[PDB]
Amino acid sequence: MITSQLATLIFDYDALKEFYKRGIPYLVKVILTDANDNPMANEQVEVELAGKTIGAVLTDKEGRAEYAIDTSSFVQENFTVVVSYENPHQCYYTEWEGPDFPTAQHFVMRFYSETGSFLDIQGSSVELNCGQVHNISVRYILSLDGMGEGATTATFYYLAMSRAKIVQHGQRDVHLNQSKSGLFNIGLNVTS
Amino acid sequence: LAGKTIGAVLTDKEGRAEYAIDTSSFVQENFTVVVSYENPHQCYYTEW
Amino acid sequence: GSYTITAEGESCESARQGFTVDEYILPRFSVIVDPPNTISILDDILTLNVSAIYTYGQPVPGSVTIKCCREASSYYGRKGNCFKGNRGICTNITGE
Amino acid sequence: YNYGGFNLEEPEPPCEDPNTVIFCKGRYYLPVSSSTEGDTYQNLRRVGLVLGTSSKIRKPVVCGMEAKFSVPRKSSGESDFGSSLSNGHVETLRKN
Amino acid sequence: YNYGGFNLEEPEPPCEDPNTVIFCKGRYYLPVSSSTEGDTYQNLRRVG
Amino acid sequence: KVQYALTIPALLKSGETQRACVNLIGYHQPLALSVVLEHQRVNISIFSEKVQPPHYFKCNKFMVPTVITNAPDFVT
Ligand SMILES: *[C@@H]1O[C@H](CO)[C@@H](O)[C@H](O)[C@H]1NC(C)=O
Ligand SMILES: *[C@@H]1O[C@H](CO)[C@@H](O)[C@H](O)[C@H]1NC(C)=O
Ligand SMILES: *[C@@H]1O[C@H](CO)[C@@H](O)[C@H](O)[C@H]1NC(C)=O
Ligand SMILES: *[C@@H]1O[C@H](CO)[C@@H](O)[C@H](O)[C@H]1NC(C)=O
Ligand SMILES: *[C@@H]1O[C@H](CO)[C@@H](O)[C@H](O)[C@H]1NC(C)=O
Ligand SMILES: *[C@@H]1O[C@H](CO)[C@@H](O)[C@H](O)[C@H]1NC(C)=O
């Protein structure tokens, strides 16, 4: 096969959760590879939020570029993020009358919660070994007039569903040392 | 004449081909005549 | 062929299983080649890395020749696009 | 929640009216909500749990902007299961 | 404010857009305002 | 105010042990709690405990009676 699009950029659909939560940063993770599936060196990718380039983020030597769109005060609905690989030195000899540079778009939705509070889990893209307790991470925003001012302590309840049996349930309490944000780790005990 | 080939007329050795469309009983209004040179042996390598 | 195993039990409904039994034919030669499977336009050297082996693991002296080419565009011809491209520029090399 | 033709779904919440002017701090506001959003009732009913909590979890929906959209079903899962599990690639039986 | 063909009126304030979805506590709101209301500007500009 | 949370999966598997989690919170006085899977005739006894201080996030095993045909059941 004689190929023409030297550079390709893709959205690894393991991370990049489809619902965005106000005040919690929205992660964009992009894979950049050329020709026969090889990683690229330092390259810049443009993250256009709606119609304006804001990101201009460089890669991390393995085509794993990670950018954090700030989501606070986003009350839109559709919020179509697009990533493009713009460099006027590549060789992109397109064939089927498409765009003139590698491009990929993701279309997300908005998470609702009336008092204003959001819980996000930073998922895992690798299998977990048996017999090793693991520490999947959870981010949280807990706005004012929610749980109640004056109390710097919040408890999150924890549930794991293996096949159809609720197994390895837990409770994790956190002290709101800072104002409203942070991240706490679950001691998930993966067992056979 | 409109969408049907009716004439299929040959030329007269110097490219002056003359045909006579019969017009009796035409109560149309627009009547767009088209002529084409159809021969699947010539070369028409169009550009635009 | 592909034999099929069927099993009926007092609890299960069908314990289907498959075979892939093939004729025990041993061609005396086997050539191993790993094509790049994708080549970029701005490349000048296409490398082929070919080997060949008997059934019982023996080198095979002989001549190995490779011929590689293609067509150009094949638009269609006649009332389409009469004269087009070439026969494809076919190159050829041989080695020992 | 649909298991063996059984809905198990509680009825939809009552639909608010789209013309009740409500005051916030500044201007005069009418209510509205899009058809497709995300909430706790849809991060459940996908894992398959059943909650009975009194606390508000489900999104509020205003009239004229209901779910509609018939059956919005995409690829929905990125499944890698299948059958056949073989191309031509005849690696004939080449060993004793 | 119109005295002897002189407006003396300050220009109208900028017009907001009717589609900016804003959050209050519950549902999702669009902005609107009636043509005829009453405020301090019409409680004055009548006394003068 | 009292806020409660039931968690049991929507499709119980007949003949195998399952779990049920309950998350009572907010109450102050000691309380009496009951979780029942209302079968066709028989009642199940998932929880019948006296509730003692708040923050009662407890979760127990229960054994579903065997059934030959998928059936709807209620949990009270
Ligand atoms: C979101 O709304 C806009 C409104 O113009 C529409 O064009 C678009 O298709 C919608 N969906 C996405 C994913 O942007
Ligand atoms: C996961 O990370 C946390 C971070 O403090 C650590 O306490 C915990 O031991 C880690 N779990 C492991 C390495 O299994
Ligand atoms: C995980 O659970 C098993 C079973 O109770 C237990 O033996 C093991 O110690 C637990 N893991 C850790 C890190 O304690
Ligand atoms: C390759 O094969 C073609 C067959 O037509 C032959 O004409 C050509 O001479 C061969 N190449 C060389 C280098 O001889
Ligand atoms: C048993 O179940 C019935 C409903 O079938 C209901 O009265 C209550 O939950 C239980 N009653 C007794 C006496 O156990
Ligand atoms: C269920 O919860 C009760 C609470 O009193 C406890 O005594 C019991 O050990 C738990 N487990 C079972 C199997 O009953």
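Each 10 Å bin from 0 upward holds the following percent of the Cα-Cα pairs of the protein assembly as shown: 2, 9, 14, 16, 16, 14, 12, 9, 5, 2, 1, 0. Listed by chain and number, the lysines placed with their C-alpha closer than 18 angstrom to that of A:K29 are A:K17, A:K21, A:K61; residues fewer than eight positions away on the same chain are left out.
Cross-link partners of D:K68 among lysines, defined as those whose alpha carbon lies under 21 angstrom from its own and excluding same-chain residues fewer than eight positions apart: D:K59.
Given A:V133, C:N86, C:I39, which one lies farthest toward the positive end of the charge dipole of the protein assembly as shown, if we put +1 on the Cβ of every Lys and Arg and -1 on the Cβ of every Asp and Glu? Toward the positive end, the furthest listed residue is A:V133.
Here's the list of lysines a cross-link from F:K61 could span, going by alpha-carbon distance under 30 Å and ignoring same-chain residues fewer than 8 apart: A:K165, D:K56, F:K1, F:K13, F:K50. Going toward the positive end of the dipole of the protein assembly as shown, with +1 on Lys and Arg Cβ and -1 on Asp and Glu Cβ, which of E:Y28, B:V34, A:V47 do you reach last? Most positive-ward Cα: E:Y28.
Nearest 20 debye, what's the magnitude of the dipole of the protein assembly as shown about its Cα centre given +1 on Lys and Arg Cβ and -1 on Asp and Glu Cβ?
Working: 47 positive and 62 negative charges, 363 e Å.
Magnitude of the dipole: close to 1740 debye.
When A:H175, A:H89 are sorted by how many other C-beta atoms sit within 10 angstrom of their C-beta, beginning with the fewest, the order is A:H89, A:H175. Counted by neighbouring Cβ atoms within 10 Å, the residues F:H55, F:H28 run from fewest to most as F:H28, F:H55. Along the range D:4-19 the Karplus relation, 6.51 cos²θ - 1.76 cosθ + 1.60 evaluated at θ = phi - 60°, assigns HN-Hα couplings of x, x, 10, 5, 6, 8, 5, x, 5, x, x, 9, 6, 9, x, 10 Hz to successive residues, with x for each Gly and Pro.
Can you classify chain B as rounded, prolate or oblate using the Cα gyration tensor, where a ≥ b ≥ c are the square roots of its eigenvalues, rounded means a/c under 1.5, and otherwise it's prolate if a/b beats b/c and oblate if not? Oblate. Rounded to the nearest whole Hz, the Karplus-based 3J(HN,Hα) values (6.51 cos²θ - 1.76 cosθ + 1.60, θ = phi - 60°) of the range A:85-98 follow the sequence 9, 9, 7, x, 9, 6, 10, 10, 8, 5, 10, 8, 6, x, with x at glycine and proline.
3J(HN,Hα) along the range F:36-47: 10, 8, 6, 7, 4, 10, 8, 9, 10, 10, 4, 9 Hz, from the Karplus curve 6.51 cos²θ - 1.76 cosθ + 1.60 with θ = phi - 60°, whole Hz, x for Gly and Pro. Percent of C-alpha pairs per 10 Å bin in the range A:1-141, short distances first: 10, 36, 31, 17, 5, 0. The three principal axes of the Cα atoms in the range F:1-47 give end-to-end lengths of 38, 21, 14 Å, sorted in falling order.
Dipole size of chain B about its Cα centre, with +1 on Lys/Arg Cβ and -1 on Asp/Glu Cβ: approximately 80 debye, rounded to the nearest 20. Which of rounded, prolate, oblate describes chain D, given a ≥ b ≥ c as roots of the alpha-carbon gyration tensor eigenvalues and a/c under 1.5 marking rounded, otherwise prolate only if a/b is larger than b/c? Prolate. Classify the range C:1-56 as rounded, prolate or oblate, taking a ≥ b ≥ c as the square roots of the eigenvalues of its Cα gyration tensor: rounded when a/c is under 1.5, otherwise prolate if a/b is larger than b/c and oblate if not. The shape class here is oblate. A simple charge model with +1 on the Cβ of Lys and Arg, -1 on the Cβ of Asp and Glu and nothing else charged puts the dipole of the range D:1-56 at about 260 debye relative to its Cα centre. Taking the number of Cβ atoms within 10 Å of each Cβ as an exposure proxy, the fewest-first ranking of B:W48, A:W96 is B:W48, A:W96.
Beta bridges assigned by DSSP with both partners in the protein assembly as shown are antiparallel in approximately 95 percent of cases.
Dipole of chain F computed with +1 at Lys/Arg Cβ and -1 at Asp/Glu Cβ about the Cα centre; of F:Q40, F:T17, F:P72, farthest Cα towards the positive end is F:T17. Looking at the range F:1-67, which trypsin sites (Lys or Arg not before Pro) are in a loop (DSSP not H, G, I, E or B) and have at most 13 other Cβ atoms within 10 Å? For trypsin sites (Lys or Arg not before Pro) across the range F:1-67 that sit outside H, G, I, E and B with at most 13 neighbouring Cβ atoms in 10 Å, the list reads F:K1, F:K13, F:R41.
Note that we place each Cβ from the backbone using ideal geometry, even for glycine, and neighbour counts take in every protein chain shown. Values quoted throughout were computed directly from the atomic coordinates according to the rules given, and no laboratory measurement underlies them.
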